[PDB]
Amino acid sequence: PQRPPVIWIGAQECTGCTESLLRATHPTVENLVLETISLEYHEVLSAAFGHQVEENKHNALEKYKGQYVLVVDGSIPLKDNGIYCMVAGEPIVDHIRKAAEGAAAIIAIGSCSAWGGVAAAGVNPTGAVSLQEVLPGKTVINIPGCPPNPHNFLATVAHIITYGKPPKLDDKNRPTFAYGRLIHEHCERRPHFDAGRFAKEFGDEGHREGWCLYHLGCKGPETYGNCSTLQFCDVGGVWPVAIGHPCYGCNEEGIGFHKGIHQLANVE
């Protein structure tokens, strides 16, 4: 049977969003590319290079017009007419706008494409923006995190394939199954928070009892995500807070890459 086509374009990416796929188990990346989808363009894995891989892109955009899912990782730099990311001699923003024209669905994977992320932080040297900002007429599905659990992406794609539409989205176009709730509103250390049982320094007695990390700068109170429930890597028990480090708010615009690690969160 024919598999649903996907076109993946990296902009100002660190490749962590692609690398997330290599940790996935349902599907594994090998099952993703051989059984679940046809990955028609992805520069990290493609056999073809240069003129050959450019041909692949053009052929796919034509053959699958109206049918492919476009995925973008990384921010898109608009300063100086787009020259901070040039592929085959052209600004990546141009490649992305072209591919968006024929897309059945468009996904910003990771905080960079979802809201600018680290690459757009602070002084923002390159005038980096989000995918949605470059595609004002399109509905961009945002899957933030730096990088997200890959299944936040894969189950979004699966919903599109299986049921013919995107999953339910919040008012930031994030899938509710993954981003519908604050981490702190579903965190196993909430009892400690409630009791005033707090780690004050890494390695202190409370830290070594698994107490709440609020006073270490945990951003769980202001970050939407599923890190405390879905967690990471499918081994069980693995997310930053469980390992002993506060949430940094990497999912959440205005938190991650803005607030200091040890800066305290606002609690609602």
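Residue numbers here begin at 1 and follow the sequence given.
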Q. Mean C-alpha B factor from the entry: is it higher for 96-104 or for 69-77?
A. 96-104
Q. Between 56-64 and 209-217, which has the larger average Cα B-factor in the PDB entry?
A. 56-64
Q. Reading the B-factor column of the entry, which of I183, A128, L154, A88 has the highest value at its C-alpha atom?
A. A88
**Q.** Out of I109, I160, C187, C146, residue topping the C-alpha B-factor column of the entry
**A.** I160
Q: Taking the chain's C-alpha temperature factors as the reference, tell me which third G122 falls into: lowest, middle or highest.
A: highest
(Q) How does the C-alpha B factor of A114 compare with the rest of the chain: lowest, middle or highest third? (A) middle
Q) Hey, what third does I141 fall into on Cα B-factor, ranked over its chain? A) middle
Q) Is the Cα B-factor recorded for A242 in the lowest, middle or highest third of its chain? A) lowest
**Q.** Entry-reported Cα temperature factor of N226, expressed as the chain third it lands in
**A.** lowest
